[PDB]
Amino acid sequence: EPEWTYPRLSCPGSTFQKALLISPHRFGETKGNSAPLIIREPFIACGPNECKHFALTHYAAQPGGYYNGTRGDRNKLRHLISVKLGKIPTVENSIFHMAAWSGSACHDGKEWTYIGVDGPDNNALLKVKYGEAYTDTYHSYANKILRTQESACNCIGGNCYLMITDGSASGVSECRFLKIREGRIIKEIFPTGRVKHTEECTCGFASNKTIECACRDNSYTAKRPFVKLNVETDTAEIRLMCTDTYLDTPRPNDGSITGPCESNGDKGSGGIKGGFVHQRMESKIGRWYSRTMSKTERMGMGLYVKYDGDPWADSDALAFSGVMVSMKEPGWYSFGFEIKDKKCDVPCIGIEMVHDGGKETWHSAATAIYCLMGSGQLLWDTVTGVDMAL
């Protein structure tokens, strides 16, 4: 019989390495006979036995004749799909969980919870599934596009925690946290602090008592807002990441934002979902982050790390760990997830690599995975190997 699940100490290791590429569109050419789903916003969640690869499909394959509109975001056809990690997400392999143009998922130890937001922009609806059953919803509270993590949610003792948000992308977007248990919302958590704009949060456990998320401010700053959730007291505070190594895109030169830690600075309009995962140690806490190689475009992806301290107060640059994606390749969304080993947890970062040929062709993505493994320096970058002309 299955127990609830808890964050365990991390596995030993001092560096990340290239783990695995999932590039479906290597098989999307017209010469071929394969049918990979057009997707975006991939993310991964692992339970005690499998890891699932999730995405939002446009309900189209390549090749096909429904490309037109695949470079949009919300519509009545977007679905949350998954396959077992390491399987190519195709028409036959994928499972379609629910209609949703925004999503999340997480395993509590007994069951999968699936999260999908759909509906009209002025009144969207967060839906929840526990296994195969629809169990609860949540309503827009700002009437300006309710949306969620695009990342794994996080469960502890059967309590699953989920960031949601609502409000103008180019203005105020106050996020809330949901406390979900066996598919049903049992508490809403309103953060305090710097709440102006928080979205597309990437959250993991820093401890058995705290969740941390690095988030996106699409409006005011290239600093990432940084949430701290206290799971023992069901309360949350958000302050900007003080680090000179600004993690959003677009962004100014590192350390060029003058003033106190909460200062917004410039080139802070727009943003990108960023990767963040915890290395939990006995007397240490490892914080691993990812950001675009370009300060302006979605190209390349870098790995950064900082042990200990307070991300709210420390202005120190993050340590640069290595190049995961070269600047000559697309570097879009990235996310954190952990694989459950037998006795310990393995932290990993995934990378969405979008094939963008403009609005006059199909628009989709591959997923690069990096994971904490062994000692040394990160050794090799990743390429999609896709030529969109085929």
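Each residue number is its position in the shown sequence, starting from 1.
Q: Using the B-factors recorded in the PDB entry, average over the C-alpha atoms of 288-296 and of 251-259, then report which stretch comes out higher.
A: Per the PDB entry, the higher value belongs to 251-259.
Q: Going by the B-factors listed in the PDB entry, is the mean over the C-alpha atoms higher for 317-325 or for 35-43?
A: If you average the C-alpha B-factors of 317-325 and of 35-43, the larger mean comes out for 317-325.
Q: Using only the C-alpha B-factors in the record, can you name which of 150, 121, 136, 308 has the highest?
A: Going by the entry's C-alpha B-factors, 308 comes out highest.
Q: Kindly indicate the residue among 204, 131, 274, 72 with the greatest C-alpha B-factor in the PDB record.
A: Within the set 204, 131, 274, 72, 72 shows the top C-alpha B-factor.
Q: Pull the Cα B-factor of residue 348 out of the PDB entry and bin it into the chain's lowest, middle or highest third.
A: Middle third.
Q: Considering only modelled residues of the same chain, in which third does the CA B-factor of residue 56 rank: lowest, middle or highest?
A: As the PDB entry reports it, the C-alpha B-factor of residue 56 lands in the lowest third of its chain.
Q: Residue 338: which third of its chain by C-alpha temperature factor?
A: Its C-alpha B-factor belongs to the lowest third of this chain's values.
Q: State the tercile, meaning the lowest, middle or highest third, of residue 170 with respect to the CA B-factors recorded for its chain.
A: According to the entry, residue 170 has a C-alpha B-factor in the chain's highest third.
Q: Ranking the modelled residues of this chain by C-alpha B-factor as given in the entry, is residue 19 in the lowest, middle or highest third?
A: Residue 19: CA B-factor falls in the lowest third of its chain.
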